[PDB]
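Worksheet for the structure shown next.
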Amino acid sequence: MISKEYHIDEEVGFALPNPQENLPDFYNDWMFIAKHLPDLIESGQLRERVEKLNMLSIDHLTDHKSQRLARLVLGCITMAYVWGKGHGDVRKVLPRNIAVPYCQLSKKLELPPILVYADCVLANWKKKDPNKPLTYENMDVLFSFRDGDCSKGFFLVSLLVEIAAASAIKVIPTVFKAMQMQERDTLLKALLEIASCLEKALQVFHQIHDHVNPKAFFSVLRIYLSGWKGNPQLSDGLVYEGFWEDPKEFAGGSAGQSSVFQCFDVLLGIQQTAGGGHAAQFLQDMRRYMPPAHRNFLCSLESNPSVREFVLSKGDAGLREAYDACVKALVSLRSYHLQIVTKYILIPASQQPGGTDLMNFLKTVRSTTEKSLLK
Ligand SMILES: C[C@H](C(=O)Nc1ccc(F)cc1)[C@]12C[C@](NC(=O)c3cccc(Cl)c3)(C1)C2
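Using the authors' numbering, the letters of the sequence shown correspond one by one to residues 10 to 362, 380 to 401.
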């Protein structure tokens with residue numbers, strides 16, 4: 010059993026269980042804009058409506074679920090405001106009425122003032138029927154950007170992979186208990202169970218093709234998820250009016266912000282953050298874009314003794330095989346993600362009258395994973 014301080018759910022893992030859909034009535038002016046982004050963006054009315062907002066206090070967001078919903082609401086509004094219709098006409102200043110409360114709320118939750126994975130995947134969902142299972146057909150997102158953006162497909166399939174991975178996350182304490190207690194058979198079983206759940210998560214990943222089309226993803230959704238760190242469109246970053254006087258750079262939404270994208274590498278001692286390269290740098294930097302509880306969880310996993318070293322030390326083929334089953338499953342996940350980036354970013358980019383940096387990142391992550399096979 011994982012400690013409650015890490016905000017990991019037995020059923021949905023790093024996802025926020027049963028996210029709030031509605032804020033207090035005090036925040037109706039925020040909520041109307043967020044719920045009407047498709048129409049407000051298209052009609053050129055989004056920015057004016059944000060500019061007409063009064064500065065609202067974050068004091069009436071009293072609980073974590075309300076604070077996370079507000080982050081999702083404000084984050085989606087902020088991306089809509091910065092990127093506009095998604096045609097390259099950009100806003101370089103976020104007005105104070107929205108920028109102040111967003112930054113204040115962000116500071117409170119220990120997250121940067123930009124839409125992150127934890128917002129648009131982990132807290133951006135509901136069950137259609139709460140008495141039916143966590144499946145795509147019984148689920149919907151809370152917020153989208155544009156009609157036809159495939160935000161439902163992209164966010165929900167991401168979430169469903171997170172949920173599939175929850176089954177592996179709950180075995181992590183069994184792994185560390187087994188090592189401490191010197192329980193070889195228990196450890197072997199635990200590793201095999203993790204490998205099984207990672208294999209299951211890969212099959213869930215396959216659903217992306219059914220709900221996302223390349224053109225819409227590349228030309229629309231990818232634009233709204235983009236940030237302002239090393240972005241030539243906002244080379245100095247974004248001005249958060251009334252919070253900082255000088256523009257600040259923050260990275261956009263990335264798979265690297267998923268805690269399951271990192272935690273099994275950490276568990277298995279695949280030192281993805283070692284060696285000094287770009288990939289290692291990015292993975293560490295993205296921990297600050299995760300909720301602090303999840304950042305803290307990764308820290309705790311790092312601080313425990315090494316599973317890899319344990320298995321390596323024992324002279325035990327069965328244990329090595331079970332460890333390698335986990336490593337193999339991670340390789341297959343990276344390989345699949347590469348195939349998706351090819352179909353959804355590289356090819357559309359080629360047909361545009380992008381993706382290589384993400385491809386190179388994922389190749390490095392995969393290569394490092396492959397090299398951890400014990401054999
Ligand atoms: C494609 C999708 C994605 O990028 N979503 C995304 C990005 C940016 C956003 F702003 C919002 C959503 C994925 C990659 C994925 N998870 C793993 O690849 C993985 C890696 C190791 C272990 C496990 Cl269990 C899973 C599915 C998240």
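Built from N, CA and C at the ideal position, the CB exists for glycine as well.
When you compare each of the options to residue i by their alpha carbons, which one comes out closest?
{"i": "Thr-382", "options": "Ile-349, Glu-396, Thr-395", "result": "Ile-349"}
{"i": "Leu-25", "options": "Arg-343, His-303, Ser-322, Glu-311", "result": "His-303"}
{"i": "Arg-193", "options": "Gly-324, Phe-35, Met-40", "result": "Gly-324"}
{"i": "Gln-271", "options": "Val-248, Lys-238, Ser-309, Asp-255", "result": "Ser-309"}
{"i": "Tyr-145", "options": "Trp-134, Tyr-345, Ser-153", "result": "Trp-134"}
{"i": "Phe-214", "options": "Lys-94, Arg-56, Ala-338, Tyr-36", "result": "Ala-338"}
{"i": "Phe-387", "options": "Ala-289, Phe-259, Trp-92", "result": "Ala-289"}
{"i": "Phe-259", "options": "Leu-120, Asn-63, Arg-56, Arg-77", "result": "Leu-120"}
{"i": "residue 402", "options": "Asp-138, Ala-225, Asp-38", "result": "The structure shown does not extend to residue 402, since the chain is modelled only from 10 through 401, so no value can be given for it."}
{"i": "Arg-392", "options": "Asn-140, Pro-362, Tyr-345", "result": "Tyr-345"}
{"i": "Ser-228", "options": "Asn-27, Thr-394, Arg-100, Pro-357", "result": "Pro-357"}
{"i": "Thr-183", "options": "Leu-49, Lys-44, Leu-200", "result": "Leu-200"}
{"i": "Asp-18", "options": "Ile-178, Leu-62, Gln-242, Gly-239", "result": "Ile-178"}
{"i": "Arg-56", "options": "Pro-33, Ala-79, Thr-87", "result": "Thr-87"}
{"i": "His-218", "options": "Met-40, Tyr-249, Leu-165", "result": "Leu-165"}
{"i": "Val-150", "options": "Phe-35, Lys-136, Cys-112, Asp-156", "result": "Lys-136"}
{"i": "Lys-44", "options": "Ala-79, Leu-347, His-96", "result": "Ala-79"}
{"i": "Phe-291", "options": "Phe-273, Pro-301, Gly-261", "result": "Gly-261"}
{"i": "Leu-81", "options": "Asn-37, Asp-294, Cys-129", "result": "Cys-129"}
{"i": "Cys-85", "options": "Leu-49, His-69, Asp-72", "result": "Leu-49"}
{"i": "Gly-278", "options": "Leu-247, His-69, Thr-394, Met-385", "result": "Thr-394"}
{"i": "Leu-234", "options": "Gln-280, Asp-158, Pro-241", "result": "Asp-158"}
Would you mind sorting residue i into buried or exposed? The rule is 16 or more other CB atoms within 10 Å of its CB.
{"i": "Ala-326", "result": "exposed"}
{"i": "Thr-351", "result": "exposed"}
{"i": "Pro-142", "result": "exposed"}
{"i": "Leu-342", "result": "buried"}
{"i": "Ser-66", "result": "exposed"}
{"i": "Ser-167", "result": "buried"}
{"i": "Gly-286", "result": "exposed"}
{"i": "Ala-283", "result": "exposed"}
{"i": "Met-188", "result": "buried"}
{"i": "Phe-152", "result": "buried"}
{"i": "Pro-300", "result": "buried"}
{"i": "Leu-400", "result": "exposed"}
{"i": "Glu-171", "result": "buried"}
Taking only heavy atoms of ligand 2 into account, decide whether any of them is closer than 7 angstroms to the Cβ of residue i.
{"i": "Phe-306", "result": "As presented, the structure is devoid of ligand 2, carrying ligand 1 as its sole ligands."}
Round the Cβ separation of residue i and residue j to the nearest angstrom and send it over; I've been treating them as touching at under 8 angstroms.
{"i": "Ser-398", "j": "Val-336", "result": "5 angstroms"}
{"i": "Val-109", "j": "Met-64", "result": "6 angstroms"}
{"i": "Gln-266", "j": "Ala-127", "result": "7 angstroms"}
{"i": "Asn-305", "j": "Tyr-15", "result": "6 angstroms"}
{"i": "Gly-162", "j": "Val-91", "result": "That belief does not hold up - the Cβ atoms of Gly-162 and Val-91 are roughly 23 angstroms apart, past 8 angstroms."}
{"i": "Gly-251", "j": "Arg-105", "result": "3 angstroms"}
{"i": "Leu-307", "j": "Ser-268", "result": "7 angstroms"}
{"i": "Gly-22", "j": "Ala-132", "result": "Not confirmed; about 13 angstroms, so no contact."}
(request) Please specify which runs of the alpha helix (DSSP H), each continuous and at least 4 residues long, are wholly inside the segment 76 to 130, giving them in chain order. (result) Segments of the alpha helix (DSSP H) lying fully in the segment 76 to 130: 105 to 118.
(message) If we require 4 or more residues per run, which alpha helix (DSSP H) segments fall completely within the segment 224 to 264?
(response) Correct list: 231 to 234.
(message) Which complete alpha helix (DSSP H) runs does the segment 26 to 73 hold, if anything under 4 residues is left out?
(response) Taking only runs of at least 4 residues, the alpha helix (DSSP H) segments lying wholly in the segment 26 to 73 are 37 to 44, 46 to 51, 55 to 60.
(request) Report the residue ranges of all alpha helix (DSSP H) runs contained in full by the segment 125 to 202; include only those spanning at least 4 residues, in chain order. (result) At a cut-off of 4 residues, the continuous stretches assigned as alpha helix (DSSP H) that sit fully inside the segment 125 to 202 are 160 to 178, 181 to 189.
(request) Please list the segments of the alpha helix (DSSP H) lying wholly inside the segment 321 to 352, counting only runs of 4 or more residues, in order along the chain. (result) Correct list: 326 to 350.
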